[PDB]
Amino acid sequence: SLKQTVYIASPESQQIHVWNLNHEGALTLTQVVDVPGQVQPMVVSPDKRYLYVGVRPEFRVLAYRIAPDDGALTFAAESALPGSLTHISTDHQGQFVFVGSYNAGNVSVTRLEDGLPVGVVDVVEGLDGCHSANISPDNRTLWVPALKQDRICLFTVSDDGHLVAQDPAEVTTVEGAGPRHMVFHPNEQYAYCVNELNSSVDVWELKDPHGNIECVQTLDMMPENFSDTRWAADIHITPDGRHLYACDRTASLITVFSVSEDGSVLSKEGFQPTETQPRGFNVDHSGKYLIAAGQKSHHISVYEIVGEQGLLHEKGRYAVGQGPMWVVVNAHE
């Protein structure tokens, strides 16, 4: 039967909370990890053997072995990075770990040898405010949002992990939009990017009728009457590709979007008040539950995704560490 583990990063208290998620959406605390640093971004390896996380003030990628039974974590390795690890991810084969650094303004590739990080293979500078690195469905193109430059850079990922700027070298957003995080639709035809500075979501078609990457839709994710400081953060889509969510740190809301059948058109369904100042959240592998953290509430809330509209229904509230801001869910048989 399906078993899932929810991981929460709380940098301020340097902790990682490990929860078991049952079919009713209830969580039970499995473990509290004391990380030797302020842990922020996290990602599970494709083979699910490891959890890679980034820490500061000593910039490093930390690899934790994931117990296949209860998902418990144990330190396995560490590898130094040139700058702050704002975002972290891997390619589909689990051969490389990609790291976007906001402060250093770059993206780097770290070689993974049998799941463990052994150093930086390549780095691309000049990407002011790089906020994430996301490999495409075919595992060949890395989409790298540069928040300060209002663009998403595109690089071909060679076999030995080197990044080669494609042409076009990138796609552009609205002036002052601030592209931050993004995800791809399960059908591999579209990508959705959340823009931090103007709290909007862009729908990107990977290859339109003319063979180009085009932004085919742009929506304001905020309530129509909202007119405060826009501070968008995270974005996620359910496994079935029917529901897409995004959060804003100022309004402390999760915007619910419904997705058209082909995935090209988004529709704003409603908003869910959530944990104070939500920087990170995620959905489970069944597409039935949504877990959101409050950077200023030091708690996470679990919601059930209901019906076609996919609106959220609060089920529980749990205490975590200080300043939680990242959530990931690992599923195992």
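Just count from 1 along the sequence shown to find any residue number.
Of the two stretches examined, 156 to 164 and 178 to 186, the record assigns the greater average C-alpha temperature factor to 156 to 164. Taking the mean C-alpha B-factor of each stretch as recorded, 95 to 103 and 111 to 119 are not equal, and the higher mean is that of 111 to 119. As recorded in the PDB entry, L81 shows the highest C-alpha B-factor of the residues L244, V203, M222, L81. Out of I88, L73, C193, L127, the entry records its largest CA B-factor for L73.
Annotation for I237: CA B-factor lies in the lowest third of the chain's modelled residues. The entry lists a Cα temperature factor for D208 that places it in the highest third of the chain's modelled residues.
Ranked within its chain, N282 lands in the lowest third, by CA B factor from the PDB record. Among the modelled residues of its chain, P41 has a C-alpha B-factor that falls in the lowest third according to the deposited record. Sorting the modelled residues of the chain by their CA temperature factor places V306 in the highest third.
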